[PDB]
Structures are given as C-alpha cells and as structure tokens.
Amino acid sequence: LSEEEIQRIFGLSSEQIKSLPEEXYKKXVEXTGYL
Amino acid sequence: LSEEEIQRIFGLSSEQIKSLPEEXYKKXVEXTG
Ligand SMILES: [Cl-]
Ligand SMILES: [Mg+2]
Ligand SMILES: [Mg+2]
C-alpha cells in the first residue's frame, strides 16, 4: 500500500499527507462511525 | 469503506480490528517506518 494510494483512498489534502499516520487514524475514526 | 474492508486492505489480524484507529495509525507508519 503506497502513500499515493492512501491519499486517494481517504481523499487526503496536501497538508494532510504530511501527517499520514495521524490523518490514517482520523479517517480510522470516521471507519468506526464516531465522527 | 467498511471496517471489514479496512481489515482486508491493511491485512489486520483478529486482535487488531478491535482498535481500528490505532492499529490505522500503525499500519500509516508502516509507508516506510
Ligand atoms: Cl468486505
Ligand atoms: Mg507524526
Ligand atoms: Mg467493532
């Protein structure tokens, strides 16, 4: 799984891809339906 | 994506899917370490 694939799959912005594990976790939370 | 699709995409173990955001972050880190 590449960084580019993650960006596309989770719709990440240019700023969000600077913090992939954290902005993984957040788009994880929105996965579980809590946000 | 469903939680099951996340398990498939990331290859998450039985235990790991119980903590999806955190075990999300860790398989995030493993991009390159
Ligand atoms: Cl599925
Ligand atoms: Mg970081
Ligand atoms: Mg569950």
# chains A, B, ... in the order shown; residues from 1 in each chain; ligands from 1
$ residues_near_ligand --ligand "ligand 2" --cutoff "8 Å" --atoms "only C-alpha atoms and all ligand atoms" --output "number ranges by chain"
A: 19-22
$ residues_near_ligand --ligand "ligand 1" --cutoff "10 Å" --atoms "only C-alpha atoms and all ligand atoms" --output "list in words"
residues 1, 2, 3, 4, 5, 6, 7, 8 and 9 of chain B
$ write_last_selection --atoms "C-alpha atoms" --output "compact mmCIF listing (two decimals), in the first residue's frame"
# COMPACT_ATOMS: atom_id res chain seq x y z
CA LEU B 1 -15.24 1.80 3.34
CA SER B 2 -16.48 -0.69 5.93
CA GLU B 3 -14.47 -1.82 8.89
CA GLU B 4 -14.15 -5.22 7.17
CA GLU B 5 -12.77 -3.56 4.02
CA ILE B 6 -10.22 -1.74 6.17
CA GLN B 7 -9.18 -5.13 7.65
CA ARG B 8 -8.74 -6.52 4.11
CA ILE B 9 -6.90 -3.52 2.70
$ residues_near_ligand --ligand "ligand 3" --cutoff "10 Å" --atoms "only C-alpha atoms and all ligand atoms" --output "list in words"
residues 31 and 32 of chain A; 3, 4, 17, 18, 19 and 20 of chain B
$ write_last_selection --atoms "N, CA and C atoms" --output "tab-separated table (two decimals), in the first residue's frame"
chain	number	residue	atom	x	y	z
A	31	UNK	N	-14.32	6.19	9.27
A	31	UNK	CA	-14.23	3.70	9.60
A	31	UNK	C	-15.26	3.35	10.63
A	32	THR	N	-14.98	3.68	11.89
A	32	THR	CA	-15.85	3.27	13.02
A	32	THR	C	-17.15	4.05	13.16
B	3	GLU	N	-15.54	-1.33	8.02
B	3	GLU	CA	-14.47	-1.82	8.89
B	3	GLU	C	-13.87	-3.12	8.33
B	4	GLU	N	-14.69	-3.98	7.75
B	4	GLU	CA	-14.15	-5.22	7.17
B	4	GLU	C	-13.25	-4.90	5.98
B	17	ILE	N	-8.33	-5.46	14.76
B	17	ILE	CA	-9.54	-4.77	14.32
B	17	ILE	C	-10.34	-4.31	15.51
B	18	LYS	N	-10.06	-4.74	16.71
B	18	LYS	CA	-10.76	-4.20	17.89
B	18	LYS	C	-10.30	-2.79	18.26
B	19	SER	N	-9.24	-2.31	17.64
B	19	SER	CA	-8.69	-0.96	17.96
B	19	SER	C	-8.32	-0.21	16.68
B	20	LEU	N	-9.28	-0.08	15.81
B	20	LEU	CA	-9.05	0.20	14.41
B	20	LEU	C	-8.30	1.52	14.19
$ closest_atom_pairs --of "chain A" --to "chain B" --cutoff "10 Å" --atoms "only C-alpha atoms" --output "JSON lines"
{"residue": "A:1", "atom": "CA", "partner": "B:31", "partner_atom": "CA", "distance": 7.2}
{"residue": "A:2", "atom": "CA", "partner": "B:31", "partner_atom": "CA", "distance": 6.3}
{"residue": "A:3", "atom": "CA", "partner": "B:31", "partner_atom": "CA", "distance": 6.2}
{"residue": "A:4", "atom": "CA", "partner": "B:31", "partner_atom": "CA", "distance": 9.9}
{"residue": "A:6", "atom": "CA", "partner": "B:28", "partner_atom": "CA", "distance": 8.6}
{"residue": "A:9", "atom": "CA", "partner": "B:1", "partner_atom": "CA", "distance": 9.2}
{"residue": "A:10", "atom": "CA", "partner": "B:1", "partner_atom": "CA", "distance": 9.3}
{"residue": "A:19", "atom": "CA", "partner": "B:28", "partner_atom": "CA", "distance": 8.9}
{"residue": "A:20", "atom": "CA", "partner": "B:28", "partner_atom": "CA", "distance": 5.7}
{"residue": "A:21", "atom": "CA", "partner": "B:28", "partner_atom": "CA", "distance": 4.0}
{"residue": "A:22", "atom": "CA", "partner": "B:25", "partner_atom": "CA", "distance": 6.0}
{"residue": "A:23", "atom": "CA", "partner": "B:25", "partner_atom": "CA", "distance": 8.2}
{"residue": "A:24", "atom": "CA", "partner": "B:24", "partner_atom": "CA", "distance": 5.0}
{"residue": "A:25", "atom": "CA", "partner": "B:21", "partner_atom": "CA", "distance": 4.5}
{"residue": "A:26", "atom": "CA", "partner": "B:21", "partner_atom": "CA", "distance": 6.9}
{"residue": "A:27", "atom": "CA", "partner": "B:21", "partner_atom": "CA", "distance": 8.3}
{"residue": "A:28", "atom": "CA", "partner": "B:21", "partner_atom": "CA", "distance": 4.1}
{"residue": "A:29", "atom": "CA", "partner": "B:21", "partner_atom": "CA", "distance": 5.5}
{"residue": "A:30", "atom": "CA", "partner": "B:21", "partner_atom": "CA", "distance": 8.9}
{"residue": "A:31", "atom": "CA", "partner": "B:3", "partner_atom": "CA", "distance": 5.6}
{"residue": "A:32", "atom": "CA", "partner": "B:3", "partner_atom": "CA", "distance": 6.7}
{"residue": "A:33", "atom": "CA", "partner": "B:3", "partner_atom": "CA", "distance": 9.5}
$ select_by_dssp --residues "chain B" --states "helix (DSSP H, G or I)" --output "MDAnalysis selection string"
chainID B and resid 3:10 16:29
$ atom_distance --atom1 "CA of residue 33 (chain B)" --atom2 "CA of residue 17 (chain A)"
15.1 Å
